[PDB]
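*Asks:* Protein chains in written order, with this note's numbering: chain A, 13 to 80; chain B, -19 to 97.
By construction, the Cβ of each residue, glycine as well, lies at the ideal position given by its N, Cα and C atoms.
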Amino acid sequence: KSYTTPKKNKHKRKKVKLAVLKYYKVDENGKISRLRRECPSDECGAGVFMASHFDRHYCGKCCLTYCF
Amino acid sequence: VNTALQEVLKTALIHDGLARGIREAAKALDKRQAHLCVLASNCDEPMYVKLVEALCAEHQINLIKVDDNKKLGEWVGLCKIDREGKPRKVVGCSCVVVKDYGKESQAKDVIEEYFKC
Ligand SMILES: [Zn+2]
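1) Find the nearest neighbour of A:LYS37 within the set B:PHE95, B:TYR28, B:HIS(-5) and B:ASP80, judged by alpha-carbon distance.
2) In chain order, what residues of the same chain have a beta carbon less than 8 Å from the beta carbon of A:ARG49, not counting five sequence neighbours either side?
3) Which complete beta strand (DSSP E) runs does the region -3 to 80 of chain B hold, if anything under 3 residues is left out?
4) What does a CB cutoff of less than 6 Å around B:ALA14 pick up in its chain, not counting 5 residues either side in sequence?
5) Quick check on A:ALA63: does DSSP put it in helix, strand or coil?
6) Say yes only if the C-beta of B:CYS97 is nearer than 7 Å to one or more non-hydrogen atoms of ligand 1, and no if none qualify.
7) Listed from N- to C-terminal order along the chain, which residues in the region 34 to 66 of chain A have their beta-carbon within a distance smaller than 7 Å of any beta-carbon of chain B?
8) Here's the rule: buried if 16 or more other CB atoms are within 10 angstroms of the residue's CB, otherwise exposed. What is A:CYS71?
9) Is the CB of A:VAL32 under 8 Å away from at least one CB in chain B?
10) Below 8 Å between beta carbons: does that hold for B:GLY(-3) and B:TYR81?
11) Among B:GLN(-14), B:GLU25, B:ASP89 and B:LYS79, whose alpha-carbon lies nearest the alpha-carbon of B:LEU16?
12) Would you verify that the beta carbon of B:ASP24 is, or is not, closer than 8 Å to some beta carbon of chain A?
13) Using the rule of at least 16 other Cβ atoms within 10 Å of the residue's Cβ for burial, across every protein chain shown, is A:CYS75 buried or exposed?
14) I want to check one thing, is the minimum distance from the CB of A:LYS13 to the heavy atoms of ligand 1 below 7 Å?
15) Does the beta-carbon of B:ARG12 have 16 or more other beta-carbons within 10 angstroms, so that it is buried, or is it exposed?
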């Protein structure tokens, strides 16, 4: 059962509808425009996308923190 | 030829030939492993039609038109429960790209004949 202490929440994947158009910027001419970077290593390809932070960056599985 | 596409997609389901999902569609188009894909036309898509036409006409990808979104998932099998008859709880998918391995088949000859010309 439960104690007096409240239970701890967990990071669940929230349901967002049609986020695939957030991958590339859909322009007029048929050329893909991208706002994100990729992982330049050969372990993960460009099909794997990255974590969009504001100053630092994250690879797919390599955990390589790309900073300025 | 609808039975031919059904046989090709079912064999892709058997041998995991098809790369289902718009996520895996982006993976396959990034790695250039797009043998074929099926696109639903005249649907209620708000703005996805231009992006998916750009994906379907990017680099050596055929243009295939079907009628509705959720009936495409019946071919690819999102909610294949109660296989004895009509499924009663089905959500749908937009498009499915394939990566065919066992290309030597019966009707795949006329499929690639229509694909070349
Ligand atoms: Zn990596």
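*Replies:* The structure says:
1) Taking only the C-alpha atoms, the option nearest A:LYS37 is B:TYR28.
2) In its chain, beyond the 5 residues on either side, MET62, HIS69 and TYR78 have a beta carbon closer than 8 Å to the beta carbon of A:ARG49.
3) The region -3 to 80 of chain B contains these whole beta strand (DSSP E) runs: -2 to 0, 16 to 20 and 76 to 78.
4) Excluding sequence neighbours, B:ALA14 sits near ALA8, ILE41 and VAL77.
5) Reduced to three states, the DSSP call for A:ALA63 is strand.
6) No, Cβ of B:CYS97 sits at least 7 Å from all heavy atoms of ligand 1.
7) Those would be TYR35, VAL38, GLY42, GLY57, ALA58 and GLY59, in chain order.
8) By the 10 Å Cβ count, A:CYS71 comes out buried.
9) Between A:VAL32 and chain B, the shortest Cβ-Cβ separation is below 8 Å.
10) B:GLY(-3) is a Cβ neighbour of B:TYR81, given a cutoff of 8 Å.
11) The shortest C-alpha separation from B:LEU16 is found at B:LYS79.
12) Not an interface residue.
13) Looking at its Cβ environment, which holds fewer than 16 other Cβ atoms inside 10 Å, A:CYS75 is exposed.
14) No - ligand 1 has no heavy atom lying nearer than 7 Å to the Cβ of A:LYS13.
15) Burial call: exposed.
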